[PDB]
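# Geometric and topological summary
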Amino acid sequence: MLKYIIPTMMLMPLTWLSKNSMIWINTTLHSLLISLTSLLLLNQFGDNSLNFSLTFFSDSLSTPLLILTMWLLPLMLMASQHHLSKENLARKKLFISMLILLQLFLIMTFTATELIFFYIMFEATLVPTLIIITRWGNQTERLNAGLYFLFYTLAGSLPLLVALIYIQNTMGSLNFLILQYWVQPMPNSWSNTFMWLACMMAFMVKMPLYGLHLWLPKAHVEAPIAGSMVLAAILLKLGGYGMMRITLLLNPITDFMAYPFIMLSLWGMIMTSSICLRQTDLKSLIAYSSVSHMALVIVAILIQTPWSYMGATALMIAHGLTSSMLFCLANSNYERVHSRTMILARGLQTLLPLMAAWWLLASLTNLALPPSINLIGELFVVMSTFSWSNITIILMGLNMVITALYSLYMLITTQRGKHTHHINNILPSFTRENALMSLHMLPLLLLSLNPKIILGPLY
Amino acid sequence: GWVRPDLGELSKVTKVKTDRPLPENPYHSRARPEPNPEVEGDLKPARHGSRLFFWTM
Ligand SMILES: CCCCCCCCCCCCCCCCCC(=O)OC[C@H](COP(=O)([O-])OC[C@H](O)COP(=O)([O-])OC[C@H](COC(=O)CCCCCCCCCCCCCCCCC)OC(=O)CCCCCCCCCCCCCCCCC)OC(=O)CCCCCCCCCCCCCCCCC
Ligand SMILES: CCCCCCCCCCCCCCCCCC(=O)OC[C@H](COP(=O)([O-])OC[C@H](O)COP(=O)([O-])OC[C@H](COC(=O)CCCCCCCCCCCCCCCCC)OC(=O)CCCCCCCCCCCCCCCCC)OC(=O)CCCCCCCCCCCCCCCCC
Ligand SMILES: CCCCCCCCCCCCCCCCCC(=O)OC[C@H](COP(=O)([O-])OCC[N+](C)(C)C)OC(=O)CCCCCCCCCCCCCCCCC
């Protein structure tokens, strides 16, 4: 994995030794080269994972998350270079250093063979994200946002640490490859009940679980654009990755420990999607849509069938691309009208038609239009939850109504109707902005041609 | 015919010829506990290092 870790670290002298006019160009270029390099992780086998060393491995779960992570860094640099144009040069380099450091922590979060090293990289991701939100977020509430993001995580993750160390004392190892063969069944007891909660609640916070989700519509809203891109696209998926690894050790107790959380997710995706119908802040609407989409990934991981894991990893990759694009579109309107109020700037298709086409494609992927990988993940989770219980289709199908309703309402409010008369600073779309939208949307649509690389380890 | 001892003579440590045996255990002590085994053998390196969670050295 060290052929990816070392160039990601070499981005640090690359950004700190660059000429002052070259720090976006150089980091964008070489992060795109690292992202091109990331496709060598697609040496996956039908039986074995790609096991590099004692410290690092990559199966078909971690590989698309790695490719998406390494792809998101150039797009974050493109998204962030405009609103940091007037910034001090050293603070600009510190911002890029926090993004590079976050990429470095993420790529060895997903490839960590041993679970306590997964824990340390998983929690190490908090510090650059907290710094990016509280230092380069725009408003006052970022400070409060930085507290919620910090303290819902750690209150969930410090019982995980203890739990993992307990497994270290019980199994003798936290190697996931060893734990594939030495896993013992976890019977019904109170000790194993709180073992289950300590193993699961940190990832439940990261997803987020409904009812634990309150950090997200502050953290993703108050963040700068690169912060929101990495929070929605990658850091939510640390929870899903960690659940898919940790539920190996939690059988068969999961078969009744999942029942409350499944309810919290199945009703929660009804709630948060409904919340999106009455959001006045566009970026808050995109955040609540992320909570609603990750509720399906929670249900799919908890019912733990092959179809549900395939749907959940497809939905994680698809939601990463779609939610990152939606935050970038909302930012492209924020960088013109300087307000996140969705009803403010209307009729934007009359003024910005190609950006309206990007809004259309991102809305269509948000509502899971076939054959997008959004629909592939959505549909496969719906198949597996119908097999779990046939009544879930009600809460599934009603969700797909509301998901359509808030996706097009967002599209109707901002793009359609009459333009606002008094707003006259709607600049034509920059090449950087359309480029950012296309670098989200074109890989997302090309993955429909060959979705087997985003279907995870039990494709 | 008795000569008074000089200064220093009665404080001398003398030797005594006795027929009684030397007390082999005058403190009436019981058997002492056996000591712990000492360290012996060549010191080999630690197998696969520290084994602290994920460190290979
Ligand atoms: C590996 C090689 C692959 C080669 C094939 C390519 C495969 C797909 C890749 C992605 C393609 C998207 C690109 C175009 C859309 C984005 C840009 C845009 O809007 O430009 C408008 C512009 C033309 O418009 P304009 O008049 O100048 O200005 C626009 C106006 O402002 C106003 O605009 P507007 O609203 O009037 O027009 C927008 C219109 C709006 O129309 C819609 O939104 C309606 C679409 C939905 C309903 C109809 C389709 C339903 C599903 C059926 C199709 C899929 C299955 C078909 C198979 C049979 C059944 C199974 O969209 C279109 O007409 C686009 C046609 C294709 C739509 C694809 C589906 C998007 C819907 C959402 C997701 C659905 C699931 C995913 C499907 C993925 C399939 C691969 O287009 C361009 O200039 C195109 C530029 C070059 C594009 C290159 C595409 C490939 C890039 C990949 C590079 C790497 C590989 C190399 C391949 C290169 C091939 C040349
Ligand atoms: C014939 C005579 C002459 C022979 C000459 C032979 C050599 C020729 C080439 C000369 C250079 C050799 C370099 C040493 C060998 C490679 C060591 C290595 O990569 O270990 C892989 C190590 C374990 O991977 P592996 O695949 O199992 O083992 C491969 C080898 O067998 C590794 O071998 P191993 O199994 O024996 O490794 C032992 C053990 C293997 O490791 C373990 O057992 C696992 C535990 C590792 C520590 C995890 C800590 C987690 C919490 C802290 C996270 C830190 C934050 C991230 C960094 C922030 C940015 C600074 O390492 C340690 O315990 C040392 C601790 C980690 C330091 C690694 C060496 C760094 C030297 C240069 C430092 C420059 C700054 C680096 C960034 C600072 C943080 C390290 O990788 C990691 O843990 C991931 C992090 C990567 C480490 C740094 C990469 C070194 C090169 C960086 C150059 C670019 C610097 C850019 C500018 C400065 C930064 C902004
Ligand atoms: C984000 C907010 C919510 C976070 C929730 C986090 C998880 C909730 C449950 C945590 C329980 C505590 C850690 C359990 C680790 C399990 C390890 C283990 O081996 O357990 C079996 C062990 C069993 O002991 P043993 O394994 O040594 O015994 C040998 C085995 N038998 C039983 C057969 C003899 O469990 C315990 O020792 C106690 C477990 C329960 C602990 C109760 C105290 C903590 C209560 C919950 C606090 C949660 C956070 C509070 C803060 C909220 C925010 C401010």
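Please refer to the structure placed before this passage.
Below is a summary of the structure that appears in this document.

### A word on the overall build of chain B
- Regarding its fold elements, chain B presents zero helices and zero strands.
- The C-alpha atoms of chain B give 31 Å as radius of gyration, which overshoots the globular expectation for 57 residues (10 Å, by more than 25%).
- Seen along its three principal axes, the alpha-carbon backbone of chain B occupies a region of about 95 × 30 × 20 Å.
- Classification of the 57 residues of chain B by burial places 2% in the buried group.

### Some points on the overall build of chain A
- A tally of regular secondary structure across chain A gives 19 helices and two strands.
- Taking contacts inside chain A between residues at least 6 apart in sequence as the whole, the part at least 24 apart equals 83%.
- If you average the places of the 21 positive and of the 12 negative side-chain charges in chain A, the two averages end up 12 Å apart.

### Brief notes about the layout of surface pockets
Residue and element names in this part refer to chain A.
- The volume enclosed by the largest pocket comes to roughly 740 Å³.
- If you trace the largest pocket, you find 32 residues lining it, with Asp59, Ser60, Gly456, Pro457 and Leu458 closest to the centre.
- For the lining of the largest pocket, the secondary structure elements donating two or more residues are helix 3 (62-80), helix 8 (176-182) and helix 11 (225-246).
- Here the lining of the largest pocket is built from residues that sort into 15 nonpolar, 13 polar and four charged.

### Focus: the site of ligand 3
Residues and elements named next belong to chain A.
- Taken together, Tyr152, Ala155, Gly156, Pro159, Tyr166, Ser191, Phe194, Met195, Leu197, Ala198, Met201 and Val205 are the residues near ligand 3.
- At 2.9 Å, a side-chain N or O of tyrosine 166 approaches an oxygen atom of ligand 3.
- Here ligand 3 has 1,100 Å² of accessible area as a free molecule, and 43% of this is covered by the chains.
- Of all the secondary structure elements, the ones that give two or more residues to the shell around ligand 3 are helix 7 (142-170) and helix 9 (190-206).

### Structural notes on the nonpolar core
- Within the largest apolar cluster, 159 residues are counted, with the highest numbers of intra-cluster contacts made by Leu164(A), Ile246(A), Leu302(A) and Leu329(A).
- Not counting residues within four places of it along the chain, the set of residues in contact with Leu302(A) comprises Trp196(A), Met200(A), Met204(A), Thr254(A), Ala258(A), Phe261(A) and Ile262(A).

### As for empty space enclosed by the protein
All names here are of chain A.
- Per the stated rule, a full pass over the model turns up seven cavities of 30 Å³ or more.
- Considered as a void within the structure, the largest cavity measures approximately 100 Å³ in volume.
- With four residues, helix 14 (residues 306-337) is the largest single contributor of residues to the lining of the largest cavity.
- Split by residue class, the lining of the largest cavity holds seven nonpolar, four polar and one charged.
- The calculated volume of the second largest cavity comes to roughly 50 Å³.

### Description of the site of ligand 1
Residues and elements named next belong to chain A.
- Neighbouring ligand 1 are 16 residues; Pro353, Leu360, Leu364, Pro371 and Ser372 lie closest to it.
- Within the backbone of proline 353, an N or O atom sits 3.4 Å from an oxygen atom of ligand 1.
- When residues of the shell around ligand 1 are traced back to their parent elements, those giving at least two are helix 16 (353-366) and helix 19 (431-446).
- In terms of residue count, the dominant contributor to the shell around ligand 1 is helix 16 (seven residues).

### Concerning the environment of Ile303(A)
- Along the chain, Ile303(A) turns up in helix 13 (residues 282-303).
- Through-space distance from the C-alpha of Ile303(A) to that of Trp190(A) is 21 Å; in sequence the pair is 113 residues apart.

### Some points on the pattern of salt bridges
- With the rule as written, the count across this model stands at eight salt bridges over all chains.
- Here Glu87(A) makes a salt bridge to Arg91(A), at a shortest N to O gap of 2.8 Å.
- The partner of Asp19(B) in a salt bridge is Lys17(B), with the nearest N and O atoms 4.0 Å apart.
- Within the structure, one salt-bridge network assembled from shared partners comprises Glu335(A), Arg336(A), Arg432(A) and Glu433(A).

### A closer look at the environment of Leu50(A)
- When you line up the elements, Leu50(A) lands in strand 1 (residues 50-51).
- Not counting residues up to four positions away in its chain, the partners in contact with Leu50(A) are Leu41(A), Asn43(A), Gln44(A), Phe45(A), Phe57(A) and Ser58(A).

### Things to note about helix 1 (residues 2-16) of chain A
All names here are of chain A.
- In this model, helix 1 (15 residues) spans 22 Å end to end at C-alpha, consistent with the 21 Å of a helix rising 1.5 Å per residue.
- Among the residues of helix 1, those classed as buried are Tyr4, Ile5, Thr8, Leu11 and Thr15. Within helix 1, the buried residues cover an arc of 110° as seen down the axis, which keeps them to one side. Relative to its buried face, helix 1 has exposed residues pointing more than 90 degrees away, namely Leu2 and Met10.
- Tucked inside the fold, the buried residues of helix 1 contact helix 2 (23-37), helix 3 and helix 4 (89-110).

What counts and how
Counting of residues restarts from 1 for each chain and follows the sequence as written, so the numbers need not equal those of the entry; residues with no coordinates are not shown. Note on labels: chains are lettered from A, ligands numbered from 1, in written order. Remark: the chains included constitute part of a larger assembly, and values are reported for the included chains only. Neither water nor hydrogens contribute to the side-chain values; these are computed over all heavy atoms in the structure. Secondary structure follows DSSP: runs of H or I at least 4 residues long count as helices, runs of E at least 2 residues long count as strands, and numbering of each begins at the N terminus. Throughout, the radius of gyration refers to the C-alpha atoms, and the reference size of a globule is 2.2 Å times the residue count to the power 0.38. A 1.4 Å probe rolled over the protein chains alone gives each residue an accessible area, and that area as a share of the maximum for its type sets the label: buried under 20%, exposed over 50%, partly exposed in between. Contacts are assigned to residue pairs with any non-hydrogen atoms lying within 4.5 Å of each other. Residues scored as charged are limited to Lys and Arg (positive) and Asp and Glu (negative), so that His and the chain ends carry no count. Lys charges are placed at NZ, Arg charges at CZ, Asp charges at CG and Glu charges at CD. Detection works on a 1 Å grid of protein atoms alone, calling trapped sets that fit a 1.4 Å probe cavities and calling open sets with protein on both sides within 12 Å along at least five of seven lines pockets, with lining residues defined by an atom within 4 Å of a point. Grid points are joined across faces, edges and corners, and a volume is the space filled by probe spheres set on the points. Only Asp, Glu, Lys and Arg are considered charged in this grouping, and only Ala, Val, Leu, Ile, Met, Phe, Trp, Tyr, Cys and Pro are considered nonpolar; every other residue, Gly among them, is considered polar. If a single non-hydrogen atom of a residue is within 4 Å of a molecule or strand, that residue counts as near it. Identification of polar contacts relies on pairs of N or O atoms within 3.5 Å, with a donor-acceptor requirement for protein atoms, meaning one able to donate a hydrogen and the other able to accept it, and with residues adjacent in sequence counted only if both atoms are side-chain atoms. The Shrake-Rupley method, run with a 1.4 Å probe, gives the accessible areas here. Residue values count only the displayed protein chains as cover. Residues enter a nonpolar core if they are buried and are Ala, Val, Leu, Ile, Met, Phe, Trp, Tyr or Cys, with the set joined through side-chain atoms within 4.5 Å. Here, a salt bridge means any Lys or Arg side-chain nitrogen found within 4 Å of an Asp or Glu carboxyl oxygen. Multiplying 1.5 Å by the residue count of a helix minus one yields the expected span of that helix. Here, the arc refers to the directions that run from the helix axis to the C-beta atoms.

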